[PDB]
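Chains as they are written, first to last, in the entry's author numbering: chain BV, 1 to 87; chain BA, 2 to 207; chain Bb, 2 to 82; chain BN, 2 to 151; chain BH, 4 to 187; chain BW, 2 to 130. For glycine and all other residues, C-beta sits at the position ideal for the given N, C-alpha and C. In what follows, a structure is listed as structure tokens, so that the remarks can point back to it.
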Amino acid sequence: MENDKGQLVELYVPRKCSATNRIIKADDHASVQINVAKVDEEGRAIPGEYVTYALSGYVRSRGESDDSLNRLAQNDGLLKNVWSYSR
Amino acid sequence: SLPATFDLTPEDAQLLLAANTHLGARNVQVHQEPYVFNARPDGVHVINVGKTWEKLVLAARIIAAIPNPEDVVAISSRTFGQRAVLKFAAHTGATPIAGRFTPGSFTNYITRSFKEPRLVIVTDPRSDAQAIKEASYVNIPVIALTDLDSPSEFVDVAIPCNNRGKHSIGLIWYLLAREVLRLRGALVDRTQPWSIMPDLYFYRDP
Amino acid sequence: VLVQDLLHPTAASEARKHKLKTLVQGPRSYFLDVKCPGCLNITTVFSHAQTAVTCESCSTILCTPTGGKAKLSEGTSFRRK
Amino acid sequence: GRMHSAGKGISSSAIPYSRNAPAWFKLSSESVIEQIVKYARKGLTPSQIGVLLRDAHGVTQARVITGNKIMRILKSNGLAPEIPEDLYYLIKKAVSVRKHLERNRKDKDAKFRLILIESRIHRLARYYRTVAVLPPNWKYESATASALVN
Amino acid sequence: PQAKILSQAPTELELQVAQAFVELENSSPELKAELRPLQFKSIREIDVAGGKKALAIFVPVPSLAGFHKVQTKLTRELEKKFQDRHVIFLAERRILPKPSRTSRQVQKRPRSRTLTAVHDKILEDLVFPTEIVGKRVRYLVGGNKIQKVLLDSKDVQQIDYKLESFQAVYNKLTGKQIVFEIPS
Amino acid sequence: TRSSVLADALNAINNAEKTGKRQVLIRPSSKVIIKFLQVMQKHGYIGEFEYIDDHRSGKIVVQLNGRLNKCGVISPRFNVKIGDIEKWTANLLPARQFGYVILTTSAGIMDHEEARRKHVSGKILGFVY
Numbered sequence: 001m002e003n004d005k006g007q008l009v010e011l012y013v014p015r016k017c018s019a020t021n022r023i024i025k026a027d028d029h030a031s032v033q034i035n036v037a038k039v040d041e042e043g044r045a046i047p048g049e050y051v052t053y054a055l056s057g058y059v060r061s062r063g064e065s066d067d068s069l070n071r072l073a074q075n076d077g078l079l080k081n082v083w084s085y086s087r
Numbered sequence: 002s003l004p005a006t007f008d009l010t011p012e013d014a015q016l017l018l019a020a021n022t023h024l025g026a027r028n029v030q031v032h033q034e035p036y037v038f039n040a041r042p043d044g045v046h047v048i049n050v051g052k053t054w055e056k057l058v059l060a061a062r063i064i065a066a067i068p069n070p071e072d073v074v075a076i077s078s079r080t081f082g083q084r085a086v087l088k089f090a091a092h093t094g095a096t097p098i099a100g101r102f103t104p105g106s107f108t109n110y111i112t113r114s115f116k117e118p119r120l121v122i123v124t125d126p127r128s129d130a131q132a133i134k135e136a137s138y139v140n141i142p143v144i145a146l147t148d149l150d151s152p153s154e155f156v157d158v159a160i161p162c163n164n165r166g167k168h169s170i171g172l173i174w175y176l177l178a179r180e181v182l183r184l185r186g187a188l189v190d191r192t193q194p195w196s197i198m199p200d201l202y203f204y205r206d207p
Numbered sequence: 002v003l004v005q006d007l008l009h010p011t012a013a014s015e016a017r018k019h020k021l022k023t024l025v026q027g028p029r030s031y032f033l034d035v036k037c038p039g040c041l042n043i044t045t046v047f048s049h050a051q052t053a054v055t056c057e058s059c060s061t062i063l064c065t066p067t068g069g070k071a072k073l074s075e076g077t078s079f080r081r082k
Numbered sequence: 002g003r004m005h006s007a008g009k010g011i012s013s014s015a016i017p018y019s020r021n022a023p024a025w026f027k028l029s030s031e032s033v034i035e036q037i038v039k040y041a042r043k044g045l046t047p048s049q050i051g052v053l054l055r056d057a058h059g060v061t062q063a064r065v066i067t068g069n070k071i072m073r074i075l076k077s078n079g080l081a082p083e084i085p086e087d088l089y090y091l092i093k094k095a096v097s098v099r100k101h102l103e104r105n106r107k108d109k110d111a112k113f114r115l116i117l118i119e120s121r122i123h124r125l126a127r128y129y130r131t132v133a134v135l136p137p138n139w140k141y142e143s144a145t146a147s148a149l150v151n
Numbered sequence: 004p005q006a007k008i009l010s011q012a013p014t015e016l017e018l019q020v021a022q023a024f025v026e027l028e029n030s031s032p033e034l035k036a037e038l039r040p041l042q043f044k045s046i047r048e049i050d051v052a053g054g055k056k057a058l059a060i061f062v063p064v065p066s067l068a069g070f071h072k073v074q075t076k077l078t079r080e081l082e083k084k085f086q087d088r089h090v091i092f093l094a095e096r097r098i099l100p101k102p103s104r105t106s107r108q109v110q111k112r113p114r115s116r117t118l119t120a121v122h123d124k125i126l127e128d129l130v131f132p133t134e135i136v137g138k139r140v141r142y143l144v145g146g147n148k149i150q151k152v153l154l155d156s157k158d159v160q161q162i163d164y165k166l167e168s169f170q171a172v173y174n175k176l177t178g179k180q181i182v183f184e185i186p187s
Numbered sequence: 002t003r004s005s006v007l008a009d010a011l012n013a014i015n016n017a018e019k020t021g022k023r024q025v026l027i028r029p030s031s032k033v034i035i036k037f038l039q040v041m042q043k044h045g046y047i048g049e050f051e052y053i054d055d056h057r058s059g060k061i062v063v064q065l066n067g068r069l070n071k072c073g074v075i076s077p078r079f080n081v082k083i084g085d086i087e088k089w090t091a092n093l094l095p096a097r098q099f100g101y102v103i104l105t106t107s108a109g110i111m112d113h114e115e116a117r118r119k120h121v122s123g124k125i126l127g128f129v130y
């Protein structure tokens with residue numbers, strides 16, 4: 001959203017569930033945003049650096065999330081198995 | 002992850018033939034388990050006898066997911082148990098919760114023995130009905146230890162055995178762990194035995 | 002499930018699901034080349050008879066029709082196809 | 002969901018995709034032609050032909066094996082029958098019912114069902130008006146069915 | 004004999020093709036016996052990705068039977084008697100335009116005489132011995148257009164390799180984008 | 002019956018998407034529909050979508066984004082004159098900007114803003130946002 005001359009004219013841009021590209025509308029509570037993590041090449045938790053992702057309320061209600069992430073950090077680049085795009 | 006000997010060695014038809022874990026049940030085969038070797042013409046379901054080393058030891062890397070095993074528990078409320086799950090809590094990680102489970106303990110900020118896990122487990126999914134539900138909630142993976150008998154919706158993997166009396170409830174977790182530990186921990190790698198008995202493991206007093 | 006390839010799922014999930022939904026529909030019934038013992042002959046019978054067919058002419062009987070699948074007699078190799 | 006009751010049935014055939022050949026079958030097309038035309042005078046009905054063809058010989062449908070659809074073929078050969086076969090079982094049912102209504106005028110269930118059935122027919126008879134396969138005017142007449150077959 | 008087995012009049016590539024036909028009925032008995040009366044139209048070369056040609060036959064029509072009777076031999080002697088080369092079998096089918104409005108009646112079209120029909124037949128006879136099992140089609144964000152073609156998992160050795168070519172031959176003729184799959 | 006097609010599948014697509022299905026399956030395949038999606042797609046509202054044939058009137062998979070807000074079929078299919086669409090947009094499009102009403106002419110199973118650059122109009126089947 002913007003003017004004639006490149007002036008972002010808004011309150012903000014809404015944040016949008018990360019697997020579901022709906023919206024997160026202010027006063028959700030249900031509302032999470034994850035901060036997993038990465039290892040460094042060693043049993044050491046990497047600090048000040050992490051992943052992210054972002055759950056609606058939407059799906060907390062429906063069982064969903066557990067299987068929605070178990071798509072995504074396997075789908076990203078950390079996890080191996082559990083999950084299948086071919087059930 | 003195909004390795005080497007986690008593979009059966011010189012004794013994995015000798016020691017559960019005196020304890021019964023291939024066995025199923027009476028007139029009962031629950032649509033919800035590959036987890037029944039046929040099914041005989043005289044009585045009874047000869048649980049498939051090769052695929053529990055398939056979803057009772059998913060069940061050991063999934064954790065390996067603990068950085069800190071006392072979260073790695075054992076879920077229960079039976080009699081023959083309170084002497085294997087209490088006890089899965091001792092020799093490694095976990096609050097025992099047999100007897101009091103502690104309802105909530107996973108719903109709801111208001112109780113006593115406080116929970117906020119990421120893969121709990123569960124003896125009898127007939128006695129342990131609230132890792133299937135206290136999970137169909139919000140974000141708490143579960144794992145039922147799925148006889149011919151375990152509503153399977155939402156305890157996403159299989160863990161089959163036999164519980165019609167006797168031993169193998171407790172004496173079966175034992176295997177979840179040993180082989181969870183031989184990924185990560187402190188024991189030792191074909192064999193140099195294993196210093197208890199499956200005949201410590203049974204009752205404490207009737 | 003939030004998602005899934007319904008193109009190709011498992012092989013599982015088809016075998017059980019109903020004939021008319023495996024996506025592309027296809028039959029279950031299929032045919033079954035029968036040596037009555039006496040002759041070598043080989044008659045091309047169908048899994049769901051409705052008819053018992055006779056074998057070739059020997060006048061023999063074969064396979065009774067029931068709800069769905071014949072019950073075939075004793076002799077019959079019944080190699081499928 | 003069957004046009005007359007509270008009933009939502011599902012059950013037909015799950016013609017298989019392959020258009021051409023069974024391959025496992027290797028006999029000839031001419032072969033079954035012969036066979037049907039063999040059968041007909043004897044005393045057939047196309048509906049039955051296939052059944053009989055299916056259960057015994059190569060076939061899978063006439064359809065694969067030839068470029069026609071049984072009937073078409075009987076019709077070329079002149080064996081179509083004066084009637085469109087499915088009809089000649091309905092009218093029949095008429096006679097066979099009406100007769101039963103008349104041994105026991107104290108029967109309603111049956112009555113209704115008759116009508117119901119007069120109606121299956123008029124509608125199906127209106128269609129085998131329309132498309133040039135009943136000489137126009139044909140109308141069905143309750144009582145004229147018993148020297149139309151016996 | 005052979006100019007004979009050309010079915011036109013002209014002619015450069017055909018007369019060697021006619022020669023290798025009138026050579027197998029010459030050399031191989033079992034082969035004259037079937038082959039003797041089996042007449043053809045004209046040929047068309049068509050290039051494939053990895054260097055390797057492809058030998059494009061065109062059929063009178065009727066014998067597509069004749070030809071199918073002895074293809075799965077015929078090609079094998081030909082693939083040896085010509086190199087690189089991919090020999091195929093497809094028919095020349097009288098497509099037609101759709102009648103416009105100011106258009107006309109002629110008489111019709113006889114469905115099977117329509118662009119997709121022919122394109123379906125072009126199918127059956129690009130492969131052949133395999134038999135089509137399963138089709139599929141993609142539609143991508145640049146209105147792609149891609150047919151997946153589904154194959155049976157039996158006799159794909161008759162030829163596999165071809166394939167890289169097949170895609171192409173179904174491209175010059177049409178202006179299209181074709182793929183395969185062996186299902187498990 | 003099934004008395005009308007496009008409708009049936011569309012409704013399920015605003016009843017997949019609501020729940021957050023990432024996709025769909027829909028039965029009776031048409032040309033009509035193939036064309037319909039091919040419009041939607043150009044405009045950034047779905048992707049890919051992987052016809053499937055079965056020699057029948059046939060089945061079509063439509064992979065998701067989670068953008069779709071809403072795509073009702075209109076449905077007699079009314080008639081329409083050029084300067085009339087100027088009544089529709091504001092009776093069923095949230096804004097103007099945006100979000101295409103959509104119609105069927107002659108070219109064209111094609112929206113209204115493209116319609117200006119063509120200057121054509123006939124009957125108006127669905128609409129997107």
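{"Query": "Expected contact under 8 Å - CB spacing of residue 70 of chain BA and residue 93 of chain BA to nearest Å", "Result": "5 Å"}
{"Query": "For residue 37 of chain BN, the three-state DSSP class (helix, strand or coil)", "Result": "helix"}
{"Query": "Residue 102 of chain BN vs residue 115 of chain BN beta-carbon contact at 8 Å", "Result": "yes"}
{"Query": "Selection of the region 15-40 of chain Bb by Cβ proximity to chain BW, strictly under 7 Å", "Result": "24, 25 and 26"}
{"Query": "Under 9 Å (Cβ pairs) to chain BV, residues found in the region 52-81 of chain BA", "Result": "59, 62, 63, 66 and 68"}
{"Query": "Minimum Cβ-Cβ distance from residue 3 of chain BW to chain Bb less than 8 Å", "Result": "no"}
{"Query": "Beta-carbon separation (whole angstroms), residue 103 of chain BW vs residue 40 of chain BW, contact threshold 8 Å", "Result": "6 Å"}
{"Query": "Interfacial residues, the region 52-66 of chain BV to chain BW, with Cβ spacing under 9 Å", "Result": "56, 58, 59, 62 and 64"}
{"Query": "Short Cβ contact (8 Å threshold) for residue 96 of chain BN with residue 146 of chain BN", "Result": "yes"}
{"Query": "Min CB distance residue 67 of chain BW to chain BV below 8 Å", "Result": "yes"}
{"Query": "Listed by chain order, chain BW residues near residue 231 of chain BH by CB distance under 8 Å", "Result": "With chain BH running from 4 to 187 in the structure shown, residue 231 of chain BH is simply not present."}
{"Query": "Span of the alpha helix (DSSP H), counted from its first residue to its last, around residue 126 of chain BN", "Result": "123-127"}
{"Query": "Residues of the region 66-82 of chain Bb whose Cβ lies closer than 9 Å to any Cβ of chain BN, in chain order", "Result": "66 and 82"}
{"Query": "Residue(s) in a DSSP beta bridge with residue 2 of chain BV", "Result": "BV:8"}
{"Query": "Near-chain BV residues of the region 17-29 of chain BW - C-beta to any C-beta below 9 Å", "Result": "20, 21 and 23"}
{"Query": "Proximal residues of chain BW, C-beta to C-beta of residue 21 of chain BV below 8 Å", "Result": "66, 67 and 68"}
{"Query": "CB contact below 8 Å: residue 26 of chain BH versus chain BN", "Result": "no"}
{"Query": "Residue 84 of chain BN: first and last residue of the uninterrupted alpha helix (DSSP H) it sits in", "Result": "Careful: residue 84 of chain BN lies outside any alpha helix (DSSP H) and carries neither H nor E."}
{"Query": "Validate contact between the region 163-170 of chain BA and the region 14-32 of chain BA using beta carbons, cut 8 Å, 3 pairs", "Result": "yes"}
{"Query": "Residue 47 of chain Bb versus residue 57 of chain Bb: straight-line alpha-carbon distance, rounded", "Result": "15 Å"}
{"Query": "Residue 71 of chain BN classed as buried or exposed, judged by whether at least 16 other C-beta atoms fall within 10 angstroms", "Result": "buried"}
{"Query": "Residue from BN:34, BN:57, BN:47 and BN:46 whose Cα sits closest to the Cα of residue 49 of chain Bb", "Result": "BN:57"}
{"Query": "Beta-carbon proximity of residue 132 of chain BA to residue 156 of chain BA, cut-off 8 Å", "Result": "yes"}
{"Query": "DSSP three-state assignment for residue 125 of chain BH, whether helix, strand or coil", "Result": "helix"}
{"Query": "Closest residue to residue 114 of chain BA among BA:74, BA:67, BA:101 and BA:145 (Cα-Cα distance)", "Result": "BA:101"}
{"Query": "Minimum C-alpha distance to residue 147 of chain BH - residue among BW:22, BW:13, BW:6 and BW:48", "Result": "BW:48"}
{"Query": "Beta-ladder partner(s) of residue 107 of chain BH, from DSSP", "Result": "Answer is none; residue 107 of chain BH lacks a bridge partner."}
{"Query": "Alpha-carbon to alpha-carbon, residue 175 of chain BA and residue 197 of chain BA", "Result": "10 Å"}
{"Query": "For residue 59 of chain BH, three-class secondary structure by DSSP", "Result": "strand"}
{"Query": "Residue nearest to residue 130 of chain BW in terms of C-alpha spacing, selected from BW:116, BW:106 and BW:100", "Result": "BW:100"}
{"Query": "Burial state of residue 32 of chain BA (16 or more Cβ within 10 Å)", "Result": "exposed"}
{"Query": "Residue 117 of chain BA CB to nearest heavy atom of the ligand SAM below 7 Å", "Result": "With respect to the ligand SAM, the structure offers nothing, as it holds no ligand at all."}
{"Query": "Buried/exposed call for residue 69 of chain BV, threshold 16 Cβ in 10 Å", "Result": "buried"}
{"Query": "Euclidean distance between Cα positions of residue 3 of chain BA and residue 65 of chain BA", "Result": "16 Å"}
{"Query": "Beta-carbon proximity of residue 74 of chain BN to residue 37 of chain BN, cut-off 8 Å", "Result": "yes"}
{"Query": "C-beta neighbour in chain BN for residue 50 of chain Bb, strict 8 Å", "Result": "yes"}
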